[PDB]
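A, B, C, D, E and F label the chains in the order they appear, each numbered from 1.
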Amino acid sequence: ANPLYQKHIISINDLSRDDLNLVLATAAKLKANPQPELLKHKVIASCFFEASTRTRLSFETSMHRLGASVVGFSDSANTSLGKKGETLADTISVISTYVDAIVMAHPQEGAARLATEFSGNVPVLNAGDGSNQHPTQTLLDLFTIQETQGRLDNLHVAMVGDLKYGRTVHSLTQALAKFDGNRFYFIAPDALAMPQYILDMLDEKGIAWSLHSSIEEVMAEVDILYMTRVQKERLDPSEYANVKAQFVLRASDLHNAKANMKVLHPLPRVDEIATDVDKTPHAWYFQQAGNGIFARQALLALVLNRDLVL
Amino acid sequence: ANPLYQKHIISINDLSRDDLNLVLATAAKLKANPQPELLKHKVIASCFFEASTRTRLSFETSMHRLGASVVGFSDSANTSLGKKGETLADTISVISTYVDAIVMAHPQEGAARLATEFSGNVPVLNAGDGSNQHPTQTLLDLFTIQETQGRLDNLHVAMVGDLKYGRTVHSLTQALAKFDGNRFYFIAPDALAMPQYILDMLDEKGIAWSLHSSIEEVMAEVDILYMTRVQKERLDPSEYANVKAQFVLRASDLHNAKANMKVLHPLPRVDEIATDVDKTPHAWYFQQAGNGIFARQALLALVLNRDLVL
Amino acid sequence: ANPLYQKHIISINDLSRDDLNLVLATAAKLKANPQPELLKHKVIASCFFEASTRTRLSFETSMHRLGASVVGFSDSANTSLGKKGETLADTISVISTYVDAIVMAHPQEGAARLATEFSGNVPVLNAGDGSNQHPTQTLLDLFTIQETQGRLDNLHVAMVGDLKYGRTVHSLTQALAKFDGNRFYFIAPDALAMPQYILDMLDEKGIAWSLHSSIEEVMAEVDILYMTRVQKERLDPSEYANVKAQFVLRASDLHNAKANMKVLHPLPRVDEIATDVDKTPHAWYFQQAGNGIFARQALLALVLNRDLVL
Amino acid sequence: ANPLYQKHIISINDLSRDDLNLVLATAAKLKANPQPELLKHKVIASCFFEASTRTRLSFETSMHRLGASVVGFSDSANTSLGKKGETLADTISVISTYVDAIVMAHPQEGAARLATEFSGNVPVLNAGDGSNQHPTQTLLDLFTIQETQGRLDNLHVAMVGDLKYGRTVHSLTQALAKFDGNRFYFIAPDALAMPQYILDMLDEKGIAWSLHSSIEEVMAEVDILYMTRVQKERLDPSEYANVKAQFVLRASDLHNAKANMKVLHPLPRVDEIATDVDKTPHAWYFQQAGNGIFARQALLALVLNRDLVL
Amino acid sequence: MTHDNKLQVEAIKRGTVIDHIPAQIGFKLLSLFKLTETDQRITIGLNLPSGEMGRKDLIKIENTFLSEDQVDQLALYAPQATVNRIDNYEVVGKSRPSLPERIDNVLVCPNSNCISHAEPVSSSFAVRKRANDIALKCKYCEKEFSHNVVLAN
Amino acid sequence: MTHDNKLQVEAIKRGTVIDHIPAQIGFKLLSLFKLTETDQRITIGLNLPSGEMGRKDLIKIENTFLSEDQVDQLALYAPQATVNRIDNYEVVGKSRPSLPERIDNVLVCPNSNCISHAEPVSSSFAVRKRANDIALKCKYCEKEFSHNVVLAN
């Protein structure tokens, strides 16, 4: 049965153009006629080693929207699974003999990957592993994009903000280079510029991209404006002040945005997107979040379900 | 359909004499023949921004007793929804696009009200907002009163304890002045006396009330003795010692209590009610707590359910 | 042998009119002609179990300005004393074997005195024992008045702020209550009223005092305006703002004050005194603060030197 | 009257070529013939709101080696100052009434100076105000160079490490920028580059500087190799390891260095300098560290003694 | 009113004129209710003697017509103030600030814990007339407060 | 003085008439410089039509004269405003705003860690005109920023 059936969703690099598409068709279906007891009797482990309430609450809602039971923890504070030498492997080993699938966010890279080497037959799912992958957000982005733009090809995507350290933005890029004809505009502080490996990757794809210094520049050509927050802490309170003013989206900036242009942001936003934007039809963050749901049970369904009946 | 259908239960001042009555009839019915799958497929968000285990555990039991699914957090420690400028509005905005209704306790006044301005079509429910409202406790009190006394009219209610700072006692008062012929006896330390606005309100209602200095005074006339704990911290360890002895209920004090008189206390009690009282038929705190359940699903049912079929 | 020789200064109610004068009298000479080698070869233990950096630094400077050595601590993190259960009685018994004088601040009432029971021949000085006493502070308060007003007898003293829980004013009233014809004006919110015992104590010794609603009422007849700080916590954060504004000194309010009129504040101040009051010549809390160094010096001088050749 | 009399040393950009010499000149004499009773009867408040044990101990030893008394604190746990909201302006105003000099380190920029506005006639010394200044440190840096190299003019100074966020080097460059013919070699990773303003400031005063990829390039022409520590956090823990190894001194790298070549490091060091570099005669950061005691002494001597009979 | 001193014109074509504003209050009205945001000719008179008082602030907002709402907001600051509608250079209608029943976003809740503060919500107080003064109850914390305090907040 | 008050804005005897203030700025001026806090008869014209600037602003501050300094500070807001000295019905001296060495109190500091933000400390910035903009450096953090930045926030 299904390609993604019984698979471990860890990195998006593992996920083919087709896989994304598959996920994407399912998500659209569960959004249409939701099937509440698809995971009936399954028990999922929501192991939030690094808490991520926004994400924890999302995934769990998803689990519940398909009638699945949930057990797990959040924040490694309660989690007495922090003895002196309590290895994640040893934890995963035991959890496997309790649950049907495990959803996990860890504060270190590849912990989800390691997790699978000890999960036995239980599929593991990465709700984030350090400064590496966060597959689920990417899938939630792509769906919102496709659902708004009507496609995932030839888009003029505008990424804004912390290009250098931004977990999500890296994966988003990765996904869209898996498609044909996308043009990227990278607007960011030189202090926080997109990694050369990404750019290096994009060239091999024969992918046209560009570095910009201010949103205005690409206000008009954009269809999808992805925004991210500028983590001040990785900046001097002063340079962050010269830099700030430069990269915040106000709605006055929207007067150029073509009709279909949508502004996304993994959330939370704070300084980067003003309340003015909130009211304009171009504003999509909150919607983007709601869709975190369908992209999520879509994945869950395919993974834990053989036949994709919808 | 139903008056309270799709409504936001925030403040009891919003709630009419009739509304309370409605809630009160439903609660009595669900206590009679419980309907376990009334909220089947609904997903509720138990957002305990300020933890309140007693209350969290209660509401959630309620949610489960009507077959509803639950997602949420407790204590804003795990809740990584505490970034630098992470606004409650922005949180509520996203949560709305996940759940069916939200139950929340916040450490600040009107956060539940604000919550509704960003909840869209999702009803919000106040499990407490600072030093303001706590509708649910009041409804749980009133039911226990009605269930014990047989009515909510002409009662000689005796409030005891921290009248000045006591969240609950203020709302309880508010509710009973919505009914006819109740007489109130306010016994409290002058340092912790009932706010003049409340008293001011009660006069406009043409409501007879009285200030007393020791329970003995009204031992006999009372039907309902509401007790609350004296928060020592808002007192000098010494004045609290002169004051203490004065306001604790011992069972020897009960020899006068007429048969039907019941002693309620939102709980936890500590110094205020002795173990002696626990065994006397006049003792009702624990019962009062159990009823937190029916008053709670009664509300939940009406709110999230169009027709009130029971 | 001078009166204050080898005695522990524990309470203000321990010192007579005579002893208060002798202490205010010695301080006058020290502030004039210094004795830097007076306490040379002395070692005063400075023990602050209650971190009181402000009080401490003054005591410690006082110490070093008399030629004495210091060893000690602050809080109970910088302290490894009395963790699982070692007693204070034990600590003292140990410490009073190597030092020459013990200055200690403790969070519990009566600590100071309990220490005098185990210190043997070593003098204990009280920097503060919770809500109880703090003579050293009063002493300086008295020296600032005597010095500004030229007399401790026949005064008009206005005491504004948190009168009930203010340990400093309770002390000042009793000291001032040992000198002829003082008249007092208590200006405090209903909830922070000068506790009755004191009020009784004044009445009994034929001493005039009156309650006022605003400092404005008495600016004219006032000589000394001792203001205190209302810790908002002792009030609900909403209750605070209503009466607050009735109790905050601004330079405008200063217009009808006698020439000699001085405003005092133990410190720290936060809102009760406008910064514009600093440029006004009546402002004297900082000069008050410095006199703390002589009051404290005088004391140390008297308790450790059999004869004060001054 | 000597130049530096009763002045607050706040910024390096406050001191002239003349003042830098006079400070480095006095230190030379103190290191030779000591004046232990020079500041006897002095009380310098040592206030560290930013715990800087290393910096502190040196200042405090400097103090005691001049005969002065000390009172003070560290962190803000050992401190009960400015909890709910007392101001720094207030703290100073209080403290500057009993002490003779105030040495303070603060985590916020400009604290030092704000203190000079409220200290009245009392000199403020800056041990450090966040990313801003720290003259005392530079002073000693200058004294270590002058002393090792015999001159502050005509040098080859290599500055390796975290150039952008390093407060110490920004200062050293400006001081050195007041003396003739200094040439500079900046060896720093792309992300930790000597911020442009400084670069501008050099260019403007005809001063030679160049960017190099490795310390190896210049070992030969170098006189002073001032190395700094790259706090890995300013880089992702993975980014750190790639360029890291390009910026760590080992005794092998030392082979082509001039005789006089000295390696400096403010301390602490962690990886940037191999321990094998300690046995090499160019290593001078510890000797650098000790000269901190004279630089600081000289200062204290100049700011508190009208005439330095030396 | 309109400036027609010894001999000098200074009359508006069309629009609203707020007169009899207590002195030192005009600017507040100006900022508070952001009467400045416009692109129309606005003429202000600071401290102008009248028979009704030897000082008064006077604002004329050309081609703008204050809704009965706006007019009523002026009730907490300039009640004696009159609001005259001009059209064709003559008063086509006088009206006075009646005390409202709800004051929006120009007041600040005194309650320091009130959710309002940190958040993107516009103030709102249930206005109610009582004994000594007007009580203003916050929509959020539901705390009643003497407007004396609220304005002085 | 052309003083063509056929209807728009007055003219006085003594005082200062700040003129050619550009667009909305005027309000900023009054606000920032507290030119409303005086018994004096200020009289403001806002969005006053002037085809040579489109719409400009005028603040007439009767019997009041600004110092070379008080004038200077206007350089950042209304660089081309001609301050006027008037003490006997006609102009006794015009004035062009000239950049000043320092700018105290009016500004705020872009660097949040500036101790300046919490204490009773009036802001102060040295002005340095460096090509295509103006650098302002805090008296405190000693951190230099573009006036564009210092002005935004």
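Annotations
Criterion: a residue touches a chain if its C-beta (ideal position, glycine included) is under 8 Å from a C-beta of that chain, and two chains touch if they have at least 3 such contacts.
According to UniProt, the chain labels map to these proteins: A, B, C, D = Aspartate carbamoyltransferase catalytic subunit; E, F = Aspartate carbamoyltransferase regulatory chain.
Among the pairs D-F and A-F, the greater number of C-beta contacts is found at D-F. A repeat of the C-D interface exists among A-D, A-B or B-C. It is A-B, with more than half of its contact pairs matching by residue number.
Annotation: 41 Å between the Cα-based centres of subunit A and subunit B. Per-chain Cα centroids separate subunit A from subunit C by 61 Å.
Computed from the mean C-alpha positions, the centre of subunit A lies at a distance of 46 Å from the centre of subunit D. The set of subunit F residues touching two or more other chains comprises 111, 113, 120, 141, 143. Multi-chain contact residues of subunit C, defined as those touching 2 or more other chains: 238.
Taken together, the subunit F residues at the contact with subunit D in this complex read 111, 113-116, 118-121, 138-144.
Contact residues of subunit A toward subunit D in the complex are 131, 165, 191, 234, 236-239. Of all residues in subunit F, those touching subunit E in their complex are 5-10, 24, 27, 30-31, 36-49, 55.
Within the complex formed with subunit E, the residues of subunit C that make contact are 232, 237-238, 240-242, 245. Within the complex, the subunit D residues that touch subunit F are 11, 13, 87-89, 106-111, 113-114, 117, 129-133, 197.
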